[PDB]
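Trainee: Handing you this structure, nothing more for now.
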Amino acid sequence: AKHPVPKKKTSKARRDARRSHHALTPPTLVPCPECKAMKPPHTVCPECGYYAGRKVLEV
Amino acid sequence: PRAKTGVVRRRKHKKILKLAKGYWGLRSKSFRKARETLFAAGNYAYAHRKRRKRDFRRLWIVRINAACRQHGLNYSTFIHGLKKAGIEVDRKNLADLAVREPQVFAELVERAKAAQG
Amino acid sequence: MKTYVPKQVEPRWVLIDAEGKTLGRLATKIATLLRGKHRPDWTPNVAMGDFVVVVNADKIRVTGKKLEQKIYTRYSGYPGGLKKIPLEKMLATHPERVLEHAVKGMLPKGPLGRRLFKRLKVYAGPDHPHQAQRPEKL
Amino acid sequence: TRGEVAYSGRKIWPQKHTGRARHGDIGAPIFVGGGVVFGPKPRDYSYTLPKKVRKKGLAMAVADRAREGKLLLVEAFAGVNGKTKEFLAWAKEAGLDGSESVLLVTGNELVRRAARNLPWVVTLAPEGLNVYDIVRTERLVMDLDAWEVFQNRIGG
Amino acid sequence: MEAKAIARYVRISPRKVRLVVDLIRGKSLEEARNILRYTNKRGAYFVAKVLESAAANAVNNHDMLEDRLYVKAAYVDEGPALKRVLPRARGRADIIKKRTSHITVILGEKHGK
RNA sequence: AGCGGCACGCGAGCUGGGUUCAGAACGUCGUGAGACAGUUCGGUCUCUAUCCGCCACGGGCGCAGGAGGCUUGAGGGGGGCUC
RNA sequence: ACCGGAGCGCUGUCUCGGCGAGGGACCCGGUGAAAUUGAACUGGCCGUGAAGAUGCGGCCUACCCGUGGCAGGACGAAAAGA
RNA sequence: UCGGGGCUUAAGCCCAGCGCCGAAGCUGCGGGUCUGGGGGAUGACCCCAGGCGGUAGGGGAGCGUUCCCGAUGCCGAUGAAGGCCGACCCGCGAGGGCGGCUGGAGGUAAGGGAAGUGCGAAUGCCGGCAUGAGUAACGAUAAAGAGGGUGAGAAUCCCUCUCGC
RNA sequence: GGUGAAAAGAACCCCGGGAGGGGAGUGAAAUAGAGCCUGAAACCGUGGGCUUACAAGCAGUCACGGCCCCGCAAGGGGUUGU
């Protein structure tokens, strides 16, 4: 609300394009060594664990 | 004596819907822009029927002129000959009797100059 | 009946001289051939007009004072970006251009109108890529 | 109409510096529950029908029934106590059936009693006597006296 | 067969959760779930919830086996919208739109023969 | 120590000093309310750019085997003073 | 806390601006407005037009879409022109 | 920059003869329209004649609507009304009809009558949803760290330990 | 403002914190499932067909080609390459 106003209603086309560059990006995961399942690259999954395994305390 | 609007405009406006559903734009949905497009299309249809007429005259005369200079000379002289040959019409359209069968045309070209010349 | 529309004919190639010729007058002929106006079954929306390899365009003739007068122009979107070159200098440095410019403007403007420009190869030689047929013309 | 609405007659937003339209009173039609423009108010559709004309009216109408042949003025109705099946057997005997409806013209109330609840036979009688009846229906079943009341209707 | 978990009357505009969904549309259970956990959204919670109710149906209602069970159509549609009234300068009763939505993980076994 | 065009360029960029606001005074005209191409002093231009335009930055693609690095310069932009 | 004019000391008012600082903005994360809104598939010269065009025309640069930023045009929004 | 190009014994200039394009003007065709003549008493209908753009507007005709007489009746669960689909038939036309899918109990012929009748607008009245834009803002520049407990869920509650107004 | 003739107004299993649903069970019917007969329009989604990444747009129109799907034929829808 000022001087530079959206003079006209923008089309559905523009809606979908400005929202074309939107989108998501999928997660990135690898396995957990000395374990079984995933862990994102460079992590110490609580269930699993990096080298030496720290924490791992859940139920 | 009630005159509640009812559903007449429903049926009618949606008649305009199907009458113009297929176009582009919000107008290809918008009841009041759509109709304006209906005007566009119909008016266009009229003007384009007459356009179509002249257009086709052209096309014929195009390929005809090509073949006529090919196996002879310019199209104007071919006409000139055939109006003098009195070969009523030939249908410049069916002067595409050159499009198929070379000898038919070619012969009628020799007839063209045969008349005047 | 119902006017006939050509099938996918095989594009015929052609070769043209150049030297001693008149620029405009030359192209004048080129164009009508880039399209099917020479062929009996010419069709508007198709592109089936002969390809045209032109030789030694480096020696095309031009009347009047063109040589020194005629000035081609190009405009870069930039301020004072107008660039105008005389027909005289167009020959010296890459002259096969002159014939092209001359023709391009003598063809439709639409999509295929540039599509047909592609059908024309011009060489400041003679000499071409002896691709095939290429029956010289007059 | 608009004046008989328990609303105001006062403006809400101004005149020029408004940004919206201009009216104010939520009473005129233009708004939501506005009043009506003229029309639907209580009235009387009636008028005057000249004597002579309407006299002939009955005549013509009634007499036109007579042109067909569907008519009669029984001397006296046999069903003398006003009970349904009396007039019913009476009617089956008097040229009647069931599919034919009766401006049943007559004046003895008792005969009309069966006719008071008569699902085909409207029960038409004399001091009312109209043309719309004889057109809408079927049987001039005249007691001699109903026709008497009619003979004086014209009488000129 | 094909299992379905659907819910209406539930939070978040179609935008963000749609973003979450189509990142995982037509993906197997294990994969898609490994996504659901490692998601920097609340679509993690919502989508994984409905997805899980979807997984369980196939376990003991539709019968398919989850080694084979991957996710088909996930539709996500908008319910009503909360028309909240916020205040603002010079005295406008702002309207603020809280669009509510409709998530639907469908799914099925792997092969057909 | 140029003459000129482009809303005598450029207040969705500044300045609001000059301008024709109500206040007040003054010269002046009018019987007076008030007004005078007469003066005086002070006196609220309003942050989010929608398309275009432009200044850089990318993504997706394309270059009719996939790829890594060295490159051509058609075009085009910058550059030109003087004592 | 009234309007001119002049000198003294002082200073980023100016030459000519450079660095830094916290906070907005920019990336992620949770939510989410507005006035305007016929539709738009919306570039430029030279003319055209009731006098000032992407849209008409003889004609221009350029793949599709986006992000940061500047503010010239859409006779720019605020008004049914003070 | 002639519109553009691209022309120099011309693609310019003026002057003569023949050619051809190119207008819904015209010929042809054939369907509808009104007015004159005629065949048919003939009404219906056909044959000959011409005009066949038009804001205000004058004049005529038609489709559609809510209801009333017809209606103590006619229609209908094999399914009222309306809702949605049609590439189908009838009307020049607004429409009529008919079939497909729905929904669940109303609809009214041929003649006739009457009126809140036909909406695209009025910076239109009410409802409904987007556009802007996942952007601005998330209200003091007095500031927050952890360990644990809690609990489906914790930076955000809670316990303590700390630091700052 | 209207579920149904009437509440028969949905136990028990399942995921889930609940919410809400997936089944079952009910009635003629749950496209009558609890502000629930009807459910359209603008309207926001998901699948599929045709089309789009050298291109100048009141967005259509006339013709022709590509195409996909209805079609006995003949044709018809559709869509857009020029």
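Every chain in the structure tokens takes a letter, A first, then B, and so on in the order presented; its residues are numbered from 1, and the ligands are numbered from 1 following the presented order.
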As a VMD selection string, please: the residues near residue 87 in chain B (cut-off 12 Å, only C-alpha atoms (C1' of nucleotides), same-chain neighbours under 6 positions excluded).

Mentor: chain B and resid 78 to 81 95 108 to 109 111 to 112 114 to 115

Trainee: Could you write those residues out with N, CA and C atoms, as a PDB file, in the first residue's frame?

Mentor:
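In the end it all went to again.pdb:
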ATOM      1  N   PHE B  78      -1.898 -16.275 -70.797  1.00  0.00           N
ATOM      2  CA  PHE B  78      -2.659 -17.516 -70.873  1.00  0.00           C
ATOM      3  C   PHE B  78      -4.136 -17.227 -70.778  1.00  0.00           C
ATOM      4  N   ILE B  79      -4.497 -16.406 -69.793  1.00  0.00           N
ATOM      5  CA  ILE B  79      -5.872 -15.942 -69.699  1.00  0.00           C
ATOM      6  C   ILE B  79      -6.265 -15.315 -71.017  1.00  0.00           C
ATOM      7  N   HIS B  80      -5.611 -14.203 -71.354  1.00  0.00           N
ATOM      8  CA  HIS B  80      -5.843 -13.453 -72.589  1.00  0.00           C
ATOM      9  C   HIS B  80      -6.189 -14.384 -73.746  1.00  0.00           C
ATOM     10  N   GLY B  81      -5.327 -15.372 -73.953  1.00  0.00           N
ATOM     11  CA  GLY B  81      -5.570 -16.408 -74.934  1.00  0.00           C
ATOM     12  C   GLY B  81      -6.875 -17.153 -74.730  1.00  0.00           C
ATOM     13  N   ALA B  95      -7.978 -24.410 -63.245  1.00  0.00           N
ATOM     14  CA  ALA B  95      -6.814 -24.188 -64.089  1.00  0.00           C
ATOM     15  C   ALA B  95      -5.672 -24.925 -63.397  1.00  0.00           C
ATOM     16  N   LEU B 108      -3.721 -26.688 -73.491  1.00  0.00           N
ATOM     17  CA  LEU B 108      -4.592 -25.511 -73.425  1.00  0.00           C
ATOM     18  C   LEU B 108      -3.821 -24.189 -73.444  1.00  0.00           C
ATOM     19  N   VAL B 109      -2.512 -24.274 -73.224  1.00  0.00           N
ATOM     20  CA  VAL B 109      -1.633 -23.120 -73.353  1.00  0.00           C
ATOM     21  C   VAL B 109      -1.375 -22.871 -74.831  1.00  0.00           C
ATOM     22  N   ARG B 111      -3.321 -23.663 -77.027  1.00  0.00           N
ATOM     23  CA  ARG B 111      -4.614 -23.101 -77.398  1.00  0.00           C
ATOM     24  C   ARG B 111      -4.681 -21.615 -77.041  1.00  0.00           C
ATOM     25  N   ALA B 112      -4.127 -21.265 -75.877  1.00  0.00           N
ATOM     26  CA  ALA B 112      -4.091 -19.877 -75.426  1.00  0.00           C
ATOM     27  C   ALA B 112      -3.462 -19.009 -76.497  1.00  0.00           C
ATOM     28  N   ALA B 114      -2.840 -19.879 -79.488  1.00  0.00           N
ATOM     29  CA  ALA B 114      -3.562 -20.172 -80.729  1.00  0.00           C
ATOM     30  C   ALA B 114      -4.661 -19.153 -81.003  1.00  0.00           C
ATOM     31  N   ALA B 115      -5.378 -18.768 -79.951  1.00  0.00           N
ATOM     32  CA  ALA B 115      -6.444 -17.779 -80.090  1.00  0.00           C
ATOM     33  C   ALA B 115      -5.906 -16.448 -80.612  1.00  0.00           C
TER      34      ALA B 115
END

Trainee: Env of residue 95 in chain C: 9 Å cut, atoms = only C-alpha atoms (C1' of nucleotides), seq-sep filter 4 positions within chain, self excluded. Answer as a PyMOL selection string.

Mentor: chain C and resi 57-59+87+89-91+99+123-124

Trainee: Where in chain A does DSSP assign alpha helix (DSSP H), given as a PyMOL selection string?

Mentor: chain A and resi 12-18

Trainee: Convert the current residue selection to file output with N, CA, C and O atoms, as a PDB file, in the first residue's frame.

Mentor:
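What follows is the written file result.pdb:
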ATOM      1  N   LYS A  12      -2.586 -16.740 -13.903  1.00  0.00           N
ATOM      2  CA  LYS A  12      -2.328 -18.041 -13.301  1.00  0.00           C
ATOM      3  C   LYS A  12      -1.006 -18.611 -13.813  1.00  0.00           C
ATOM      4  O   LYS A  12      -0.306 -19.334 -13.101  1.00  0.00           O
ATOM      5  N   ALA A  13      -0.685 -18.268 -15.059  1.00  0.00           N
ATOM      6  CA  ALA A  13       0.583 -18.629 -15.692  1.00  0.00           C
ATOM      7  C   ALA A  13       1.764 -18.111 -14.870  1.00  0.00           C
ATOM      8  O   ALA A  13       2.698 -18.859 -14.535  1.00  0.00           O
ATOM      9  N   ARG A  14       1.702 -16.831 -14.520  1.00  0.00           N
ATOM     10  CA  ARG A  14       2.775 -16.207 -13.759  1.00  0.00           C
ATOM     11  C   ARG A  14       2.849 -16.822 -12.361  1.00  0.00           C
ATOM     12  O   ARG A  14       3.946 -17.013 -11.811  1.00  0.00           O
ATOM     13  N   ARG A  15       1.673 -17.111 -11.798  1.00  0.00           N
ATOM     14  CA  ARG A  15       1.546 -17.812 -10.525  1.00  0.00           C
ATOM     15  C   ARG A  15       2.394 -19.069 -10.579  1.00  0.00           C
ATOM     16  O   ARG A  15       3.303 -19.275  -9.770  1.00  0.00           O
ATOM     17  N   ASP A  16       2.117 -19.887 -11.583  1.00  0.00           N
ATOM     18  CA  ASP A  16       2.755 -21.187 -11.692  1.00  0.00           C
ATOM     19  C   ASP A  16       4.241 -21.154 -12.076  1.00  0.00           C
ATOM     20  O   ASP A  16       4.963 -22.143 -11.837  1.00  0.00           O
ATOM     21  N   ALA A  17       4.696 -20.042 -12.660  1.00  0.00           N
ATOM     22  CA  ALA A  17       6.116 -19.908 -13.019  1.00  0.00           C
ATOM     23  C   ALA A  17       6.995 -19.387 -11.866  1.00  0.00           C
ATOM     24  O   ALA A  17       8.048 -19.971 -11.492  1.00  0.00           O
ATOM     25  N   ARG A  18       6.539 -18.281 -11.291  1.00  0.00           N
ATOM     26  CA  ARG A  18       7.145 -17.759 -10.080  1.00  0.00           C
ATOM     27  C   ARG A  18       7.165 -18.873  -9.034  1.00  0.00           C
ATOM     28  O   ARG A  18       8.081 -18.939  -8.205  1.00  0.00           O
TER      29      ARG A  18
END

Trainee: Against chain B, which residues of chain H fall within 8 Å? For each one I want the closest pair of atoms and the distance in Å (one decimal), counting only C-alpha atoms (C1' of nucleotides), rows by chain and increasing residue number, as a tab-separated table.

Mentor:
residue	atom	partner	partner_atom	distance
H:19	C1'	B:76	CA	5.9
H:20	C1'	B:76	CA	4.5
H:24	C1'	B:50	CA	7.3
H:64	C1'	B:8	CA	7.6
H:65	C1'	B:3	CA	7.6
H:66	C1'	B:2	CA	4.7
H:67	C1'	B:1	CA	5.8
H:114	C1'	B:1	CA	7.9
H:115	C1'	B:1	CA	5.7
H:116	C1'	B:3	CA	5.7
H:117	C1'	B:3	CA	5.5
H:118	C1'	B:8	CA	8.0
H:120	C1'	B:32	CA	6.4

Trainee: Can you tell me which residues surround residue 67 in chain C at a distance of at most 8 Å, considering only C-alpha atoms (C1' of nucleotides), apart from same-chain residues fewer than 4 positions away, and format the answer as a PyMOL selection string?

Mentor: chain C and resi 62+86-88

Trainee: Could you write out the selected residues, including N, CA and C atoms, as an mmCIF file, in the first residue's frame?

Mentor:
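That gives us result_31.cif:
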data_model
loop_
_atom_site.group_PDB
_atom_site.id
_atom_site.type_symbol
_atom_site.label_atom_id
_atom_site.label_comp_id
_atom_site.auth_asym_id
_atom_site.auth_seq_id
_atom_site.Cartn_x
_atom_site.Cartn_y
_atom_site.Cartn_z
ATOM 1 N N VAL C 62 27.294 -3.858 -59.105
ATOM 2 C CA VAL C 62 26.306 -2.956 -58.538
ATOM 3 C C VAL C 62 26.397 -1.644 -59.307
ATOM 4 N N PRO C 86 29.629 1.002 -45.313
ATOM 5 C CA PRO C 86 29.472 1.204 -46.755
ATOM 6 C C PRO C 86 29.714 -0.060 -47.582
ATOM 7 N N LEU C 87 28.878 -0.261 -48.602
ATOM 8 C CA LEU C 87 28.962 -1.416 -49.500
ATOM 9 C C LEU C 87 30.404 -1.671 -49.935
ATOM 10 N N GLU C 88 31.185 -0.602 -49.963
ATOM 11 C CA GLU C 88 32.586 -0.644 -50.348
ATOM 12 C C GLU C 88 33.392 -1.523 -49.393
#

Trainee: Of the residues G:79, G:14, G:65, G:50, which is the one nearest to chain A, using only C-alpha atoms (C1' of nucleotides)?

Mentor: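 Nearest to chain A: G:65.
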
Trainee: Find the residues around residue 53 in chain F up to 9 Å (only C-alpha atoms (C1' of nucleotides) counted), leave out those fewer than 3 positions away in its own chain, and share them as an MDAnalysis selection string.

Mentor: chainID G and resid 43 72:73

Trainee: What are the residues of chain G that have an atom within 12 Å of an atom of chain D, counting only C-alpha atoms (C1' of nucleotides), as a list in words?

Mentor: residues 35, 78, 79, 80 and 82 of chain G

Trainee: Counting only C-alpha atoms (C1' of nucleotides), which residues of chain H come no farther than 6 Å from chain D, as a PyMOL selection string?

Mentor: chain H and resi 72+123+125-126

Trainee: Which residues are close to range 58-75 of chain F, i.e. within 12 Å by only C-alpha atoms (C1' of nucleotides), leaving aside same-chain residues fewer than 3 positions away? Reply as number ranges by chain.

Mentor: A: 20-23; C: 74-77, 81, 83, 93-94; G: 63-68; I: 53-54

Trainee: Contacts of residue 6 in chain A at 10 Å or less, counting only C-alpha atoms (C1' of nucleotides), minus same-chain residues fewer than 6 places along, as a PyMOL selection string?

Mentor: (chain F and resi 49-51) or (chain G and resi 35-37+77) or (chain H and resi 131-132)

Trainee: Check every residue of chain B for an atom within 12 Å of chain A, counting only C-alpha atoms, and provide those that qualify as a PDB file with C-alpha atoms, in the first residue's frame.

Mentor:
ATOM      1  CA  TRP B  24      -7.207 -19.550 -23.933  1.00  0.00           C
ATOM      2  CA  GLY B  25      -7.138 -16.964 -21.115  1.00  0.00           C
ATOM      3  CA  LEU B  26      -9.340 -16.567 -18.051  1.00  0.00           C
ATOM      4  CA  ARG B  27     -11.886 -15.652 -20.690  1.00  0.00           C
TER       5      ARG B  27
END

Trainee: When you draw a straight line from CA of residue 55 in chain C to CA of residue 35 in chain C, how long is it in Å?

Mentor: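 These atoms are spaced 19.8 Å apart.
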
Trainee: Near chain I, which residues of chain E fall within 7 Å when you count only C-alpha atoms (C1' of nucleotides), and what do they look like as JSON, numbers by chain?

Mentor: {"E": [4, 5, 6, 7, 8, 52, 53, 56, 57, 60, 61, 75, 77]}

Trainee: Any idea which chain H residues end up within 9 Å of chain C if we count only C-alpha atoms (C1' of nucleotides), as a PyMOL selection string please?

Mentor: chain H and resi 5-8

Trainee: Go ahead and save the residues from that selection, with C-alpha atoms (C1' of nucleotides), as a PDB file, in the first residue's frame.

Mentor:
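Listed below is the output, selection.pdb:
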ATOM      1  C1'   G H   5      14.167  -2.897 -50.534  1.00  0.00           C
ATOM      2  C1'   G H   6      16.669  -1.452 -54.431  1.00  0.00           C
ATOM      3  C1'   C H   7      16.313   0.035 -58.946  1.00  0.00           C
ATOM      4  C1'   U H   8      20.586   4.205 -63.180  1.00  0.00           C
TER       5        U H   8
END

Trainee: Can you write out as CSV which residues of chain H fall within 12 Å of chain A, alongside each residue's closest atom pair and its distance in Å to one decimal, counting only C-alpha atoms (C1' of nucleotides) and ordering rows by chain and ascending residue number?

Mentor:
residue,atom,partner,partner_atom,distance
H:130,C1',A:12,CA,9.9
H:131,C1',A:9,CA,4.8
H:132,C1',A:6,CA,6.5
H:133,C1',A:15,CA,10.1
H:134,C1',A:22,CA,10.0
H:135,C1',A:18,CA,11.8
H:136,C1',A:1,CA,10.7

Trainee: Selected residues, N, CA and C atoms (P, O5', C5', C4', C3', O3' and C1' of nucleotides), written as a PDB file, in the first residue's frame, please.

Mentor:
ATOM      1  P     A H 130      -8.869 -18.215  -0.871  1.00  0.00           P
ATOM      2  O5'   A H 130      -7.666 -18.499  -1.882  1.00  0.00           O
ATOM      3  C5'   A H 130      -6.865 -17.441  -2.401  1.00  0.00           C
ATOM      4  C4'   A H 130      -6.928 -17.394  -3.910  1.00  0.00           C
ATOM      5  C3'   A H 130      -5.940 -16.468  -4.614  1.00  0.00           C
ATOM      6  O3'   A H 130      -4.646 -17.027  -4.777  1.00  0.00           O
ATOM      7  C1'   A H 130      -8.099 -16.101  -5.480  1.00  0.00           C
ATOM      8  P     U H 131      -3.355 -16.071  -4.853  1.00  0.00           P
ATOM      9  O5'   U H 131      -3.783 -14.895  -5.841  1.00  0.00           O
ATOM     10  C5'   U H 131      -3.326 -14.862  -7.187  1.00  0.00           C
ATOM     11  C4'   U H 131      -3.145 -13.444  -7.684  1.00  0.00           C
ATOM     12  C3'   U H 131      -2.097 -12.604  -6.964  1.00  0.00           C
ATOM     13  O3'   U H 131      -0.783 -12.839  -7.450  1.00  0.00           O
ATOM     14  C1'   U H 131      -4.100 -11.347  -7.221  1.00  0.00           C
ATOM     15  P     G H 132       0.333 -13.525  -6.518  1.00  0.00           P
ATOM     16  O5'   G H 132       1.141 -12.291  -5.915  1.00  0.00           O
ATOM     17  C5'   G H 132       1.538 -11.201  -6.737  1.00  0.00           C
ATOM     18  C4'   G H 132       1.263  -9.883  -6.060  1.00  0.00           C
ATOM     19  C3'   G H 132       2.015  -9.656  -4.757  1.00  0.00           C
ATOM     20  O3'   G H 132       3.248  -9.000  -5.011  1.00  0.00           O
ATOM     21  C1'   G H 132      -0.309  -9.202  -4.464  1.00  0.00           C
ATOM     22  P     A H 133       4.577  -9.343  -4.181  1.00  0.00           P
ATOM     23  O5'   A H 133       4.720 -10.922  -4.304  1.00  0.00           O
ATOM     24  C5'   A H 133       5.887 -11.577  -3.822  1.00  0.00           C
ATOM     25  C4'   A H 133       5.539 -12.769  -2.970  1.00  0.00           C
ATOM     26  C3'   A H 133       4.754 -13.875  -3.676  1.00  0.00           C
ATOM     27  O3'   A H 133       5.087 -15.126  -3.075  1.00  0.00           O
ATOM     28  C1'   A H 133       3.490 -13.062  -1.880  1.00  0.00           C
ATOM     29  P     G H 134       5.384 -16.428  -3.968  1.00  0.00           P
ATOM     30  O5'   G H 134       5.551 -17.582  -2.885  1.00  0.00           O
ATOM     31  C5'   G H 134       6.695 -17.624  -2.039  1.00  0.00           C
ATOM     32  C4'   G H 134       6.474 -16.863  -0.755  1.00  0.00           C
ATOM     33  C3'   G H 134       7.514 -17.123   0.336  1.00  0.00           C
ATOM     34  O3'   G H 134       7.712 -15.934   1.100  1.00  0.00           O
ATOM     35  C1'   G H 134       5.379 -17.712   1.133  1.00  0.00           C
ATOM     36  P     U H 135       9.006 -15.797   2.044  1.00  0.00           P
ATOM     37  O5'   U H 135       9.248 -14.221   2.154  1.00  0.00           O
ATOM     38  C5'   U H 135      10.011 -13.526   1.175  1.00  0.00           C
ATOM     39  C4'   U H 135       9.211 -12.431   0.507  1.00  0.00           C
ATOM     40  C3'   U H 135       8.940 -11.181   1.333  1.00  0.00           C
ATOM     41  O3'   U H 135      10.023 -10.269   1.273  1.00  0.00           O
ATOM     42  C1'   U H 135       6.981 -11.864   0.141  1.00  0.00           C
ATOM     43  P     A H 136      10.783  -9.820   2.613  1.00  0.00           P
ATOM     44  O5'   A H 136       9.717  -8.907   3.371  1.00  0.00           O
ATOM     45  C5'   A H 136       9.558  -7.541   3.000  1.00  0.00           C
ATOM     46  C4'   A H 136       8.467  -6.846   3.781  1.00  0.00           C
ATOM     47  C3'   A H 136       8.592  -6.847   5.296  1.00  0.00           C
ATOM     48  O3'   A H 136       9.469  -5.831   5.760  1.00  0.00           O
ATOM     49  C1'   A H 136       6.341  -7.288   4.635  1.00  0.00           C
TER      50        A H 136
END

Trainee: For CA of residue 101 in chain D and CA of residue 85 in chain D, determine how far apart the two atoms are, in Å to one decimal place.

Mentor: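 So the two atoms, CA of residue 101 in chain D and CA of residue 85 in chain D, lie 16.7 Å apart.
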
Trainee: What does the distance from CA of residue 113 in chain E to CA of residue 29 in chain E come to in Å, to one decimal?

Mentor: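 Going from CA of residue 113 in chain E over to CA of residue 29 in chain E, I get 20.5 Å.
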
Trainee: Please tabulate, as a Markdown table, the residues of chain E that come within 10 Å of chain G, each with its closest pair of atoms and the distance in Å to one decimal, counting only C-alpha atoms (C1' of nucleotides) and ordering rows by chain, then residue number upward.

Mentor:
| residue | atom | partner | partner_atom | distance |
| --- | --- | --- | --- | --- |
| E:12 | CA | G:31 | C1' | 9.7 |
| E:40 | CA | G:29 | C1' | 7.7 |
| E:41 | CA | G:29 | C1' | 8.0 |
| E:42 | CA | G:30 | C1' | 9.0 |
| E:86 | CA | G:33 | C1' | 9.5 |
| E:88 | CA | G:33 | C1' | 9.6 |
| E:94 | CA | G:33 | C1' | 7.6 |
| E:95 | CA | G:33 | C1' | 8.0 |
| E:96 | CA | G:33 | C1' | 7.1 |
| E:97 | CA | G:32 | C1' | 8.1 |
| E:98 | CA | G:32 | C1' | 8.6 |

Trainee: Could you turn the residues from that selection into a file that holds N, CA and C atoms, as a short mmCIF file (atom, residue, chain, number, x, y, z; two decimals), in the first residue's frame?

Mentor:
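Final output, saved to out00.cif:
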data_model
loop_
_atom_site.label_atom_id
_atom_site.label_comp_id
_atom_site.auth_asym_id
_atom_site.auth_seq_id
_atom_site.Cartn_x
_atom_site.Cartn_y
_atom_site.Cartn_z
N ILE E 12 -2.61 -25.99 8.20
CA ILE E 12 -1.61 -25.67 7.17
C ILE E 12 -2.18 -25.52 5.76
N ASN E 40 13.21 -30.88 7.03
CA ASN E 40 13.22 -29.62 7.75
C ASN E 40 11.89 -28.88 7.59
N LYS E 41 10.81 -29.59 7.93
CA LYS E 41 9.45 -29.06 7.84
C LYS E 41 8.59 -29.68 8.94
N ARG E 42 7.33 -29.27 8.99
CA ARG E 42 6.34 -29.92 9.85
C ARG E 42 5.50 -30.88 9.00
N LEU E 86 -7.43 -9.47 12.37
CA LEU E 86 -6.29 -8.81 12.99
C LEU E 86 -6.44 -7.29 12.89
N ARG E 88 -4.96 -3.29 12.57
CA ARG E 88 -3.85 -2.58 11.95
C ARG E 88 -4.04 -1.06 11.99
N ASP E 94 -8.12 -6.06 9.77
CA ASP E 94 -7.50 -6.90 8.74
C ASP E 94 -8.14 -8.26 8.68
N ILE E 95 -8.22 -8.80 7.47
CA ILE E 95 -8.60 -10.18 7.33
C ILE E 95 -7.33 -10.99 7.09
N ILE E 96 -7.16 -12.04 7.89
CA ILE E 96 -6.03 -12.94 7.72
C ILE E 96 -6.52 -14.36 7.47
N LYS E 97 -5.99 -14.95 6.41
CA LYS E 97 -6.50 -16.19 5.87
C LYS E 97 -5.68 -17.40 6.33
N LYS E 98 -6.31 -18.26 7.12
CA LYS E 98 -5.67 -19.50 7.58
C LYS E 98 -6.25 -20.73 6.87
#
